[PDB]
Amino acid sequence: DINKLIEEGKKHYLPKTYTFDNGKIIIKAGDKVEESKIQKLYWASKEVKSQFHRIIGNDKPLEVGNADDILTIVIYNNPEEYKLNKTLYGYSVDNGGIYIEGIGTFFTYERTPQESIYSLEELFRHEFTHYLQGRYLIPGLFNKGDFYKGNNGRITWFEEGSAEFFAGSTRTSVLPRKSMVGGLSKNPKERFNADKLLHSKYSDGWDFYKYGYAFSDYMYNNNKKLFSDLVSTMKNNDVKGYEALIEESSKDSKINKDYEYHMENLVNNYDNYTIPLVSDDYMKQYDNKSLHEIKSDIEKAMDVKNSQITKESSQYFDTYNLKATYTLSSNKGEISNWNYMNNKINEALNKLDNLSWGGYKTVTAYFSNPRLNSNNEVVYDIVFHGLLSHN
């Protein structure tokens, strides 16, 4: 059978397999892709994931039973061997990487600095965001859901721009990427305006990635309300609402002005930025700490009670998920509430970091899915994720 011939080709070029989160993440890699680097990628995914949920405000799969219930990651040794993915898997290789939502799989390759301005972790983080968008943000499958029907390129600027943006995720924020900021034109006149960006499409080329990235960072830092409203329409599959929002935003001269001002500030601070990558804290061996002890410290740190903590197994370590709810005593509106929760969660992470156990340096956390209880109070789901112990 032809299928047997293909798998032998896969096993040849991608002999190594690494599994995380009880098999929910499977990384197939070439022999030359470093084991330590792959482990780092897992932790990188958690930083992006937590920031993504904070901003998107949903951590529930939009559709249960989809192939992205398991995330498969394919990493080739180098750019040259990546081209074989077309024959082996059947997908386009004219890119740094690609995510195929239908099979919950994203493909990429290790590279030296000479071959690309982006590191593997950087591209990994970008591609991971597509997986997050597919699973939690955009209903239906890529190119098939309602957001793609009709005008196929309607969400493209945001889908790619936010993917670039979320690649700068850290444990507490989303920070600018030197590689993306450097791509922005030094001449203000040459930069995209909002209207141009908001109607960009794949056939336009690759420039809108950088400007979409810049607009995302603008929204996050200076227009959280627009970011929030955009993701709400997406989650609701409200295509008309999104389109109305795009038209209003494109023709808003103040939005364009503030967007261009944000880019100037980004370009001005170029030397201050670095490539956000995962710290060495994730690889270090730590003293064993009890699950009950971790739960207790996190409950104290976050001021939540009756939390549920669950251990999960990966290939070379165990991790935990702590689930809790937090009730906001005063509802002061979406953005003010957002900032309160973001600051509160970050304060919790800092408190845990300041504790003696070095394991707390691996913790990522988010808040999501706000709702009103009886008595009109804002209840948030709260999730903390961290290393339990290396094997």
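Residues carry their position along the shown sequence, with the first being 1.
Stretches 148 to 156 and 270 to 278 differ in mean C-alpha B factor, with the higher average recorded for 270 to 278.
The question of which stretch, 176 to 184 or 219 to 227, has the higher mean Cα B factor is settled in favour of 176 to 184. Out of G212, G102, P79, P139, it is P79 whose C-alpha atom has the highest B-factor in the PDB entry. Residue-level inspection of the entry shows that, of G359, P61, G30, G57, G30 has the top Cα B-factor. In the deposited entry, the Cα temperature factor of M263 places it in the middle third of its chain's modelled residues. Among all modelled residues in its chain, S329 ranks in the highest third by Cα B-factor. Per the deposited record, the Cα B-factor of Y18 falls in the middle third when ranked against the other modelled residues of its chain. When the modelled residues of the chain are ordered by their C-alpha B factor, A194 lands in the middle third.
The entry lists a Cα temperature factor for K351 that places it in the highest third of the chain's modelled residues.
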